[PDB]
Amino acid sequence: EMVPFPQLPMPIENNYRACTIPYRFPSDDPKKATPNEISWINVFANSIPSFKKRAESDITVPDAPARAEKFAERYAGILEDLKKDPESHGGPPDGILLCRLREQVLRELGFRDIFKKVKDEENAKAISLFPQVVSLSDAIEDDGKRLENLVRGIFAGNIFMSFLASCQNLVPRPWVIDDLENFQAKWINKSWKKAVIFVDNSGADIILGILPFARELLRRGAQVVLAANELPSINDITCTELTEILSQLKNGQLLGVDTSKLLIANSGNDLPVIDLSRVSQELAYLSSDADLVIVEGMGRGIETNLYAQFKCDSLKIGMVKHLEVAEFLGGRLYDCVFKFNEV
């Protein structure tokens, strides 16, 4: 069904490991949860109160409040099961498993897109600000000087008073991982012609952060494929919704820019993170000849893939939102990593 992302050097077996942070070593007692596993499940246990809300007030679901209880209950129970016996529920657990257990408790209860009214108002407001945000970047005559603006916009699209305000108030540089200089150097040579991008959140993150960036690439001579979730996971943008967003934005041009090279792909993903060894077949066909891959969101670029090796130039970009992630990286909360690996 799923196939390995084409830019992952083969063989991927015993080499590519999606997860970025290990919570257990082979030498650890298999019947006792490790301090780390224990502390990481807390990141997921502390996600419930906020998930049981977007679910209980989901008016599209009949008797949502009761069902949200079944959610909090079943998910907390599973989390306790793992702390007591890390081998059950498919453990040892990693970030991917914990995310999947959350989506499963919810879906089994009949949920498909519990983040609907949110994503709607998200794109709702973002759509009313695209021309303003785009015009600016264009007003920036220098290409590299401009590249930075868009790169900061990607980071601002994360947490977000306004998107533009948030764009000028990121944590000070050097950023946790700061490969921007090396990236800007190659960007000015403009040698990329096949970019693919694994997007994350709806609204400003996709509309004001990623799309203006994608538009600049097209304006410099590249094809761009945006890979989005097949199924709703948090406020993440799915391929279906992204097609609707661009359909509205687009002479089929994005504020004067031709989009014939703007392609949308269904990564086949259904989590806020992603395992690149297993994706849709469509995604790979479209990314079969890519020379610029990009995985956005703390999940897709840092929790997973941060150290993934690719056959072509690579860049993981996302804002750090977990204190635990900041700790593993030795960074600040809301730090921005810009990791670029040439060749």
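Numbers for residues come from their place in the sequence shown, where the first is 1.
Engineer: Please figure out whether residue 192 and residue 193 are truly consecutive in the deposited sequence or have unmodelled residues between them, and give none, 1 to 3, 4 to 9, or 10 or more.
Structural biologist: According to the record, the chain runs unbroken from residue 192 to residue 193.
Engineer: Could you tell me how many residues of the deposited sequence sit unmodelled between residue 250 and residue 251 (none, 1 to 3, 4 to 9, 10 or more)?
Structural biologist: The entry leaves 1 to 3 residues without coordinates here.
Engineer: Could you check which stretch, 312 to 320 or 65 to 73, carries the larger mean CA temperature factor in the entry?
Structural biologist: Going by the record's values, the stretch with the higher mean is 65 to 73.
Engineer: Which of the two stretches, 232 to 240 or 180 to 188, shows the higher mean Cα temperature factor in the record?
Structural biologist: Comparing 232 to 240 with 180 to 188, the higher average CA B-factor belongs to 180 to 188.
Engineer: Determine which member of 21, 326, 10, 18 has the highest CA B-factor, using the values in the deposited entry.
Structural biologist: The C-alpha B-factor peaks, among 21, 326, 10, 18, at 10.
Engineer: Of the options 223, 149, 168, 135, which has the highest CA B factor as deposited?
Structural biologist: If I rank 223, 149, 168, 135 by C-alpha B-factor, first place goes to 168.
Engineer: Which third of the chain holds residue 276 when residues are ordered by C-alpha B factor: lowest, middle or highest?
Structural biologist: Bottom third by C-alpha B-factor.
Engineer: Could you place residue 118 in the lowest, middle or highest third of its chain by Cα temperature factor, using the values in the record?
Structural biologist: Middle third.
Engineer: How does residue 303 rank on Cα B-factor within its chain, lowest, middle or highest third?
Structural biologist: As the PDB entry reports it, the C-alpha B-factor of residue 303 lands in the lowest third of its chain.
Engineer: In terms of the CA temperature factor given in the entry, to which third of its chain does residue 160 belong: lowest, middle or highest?
Structural biologist: Answer is highest: the recorded C-alpha B-factor places it there.
Engineer: How does the C-alpha B factor of residue 266 compare with the rest of the chain: lowest, middle or highest third?
Structural biologist: Ranked within chain, residue 266 CA B lands in the middle tercile.
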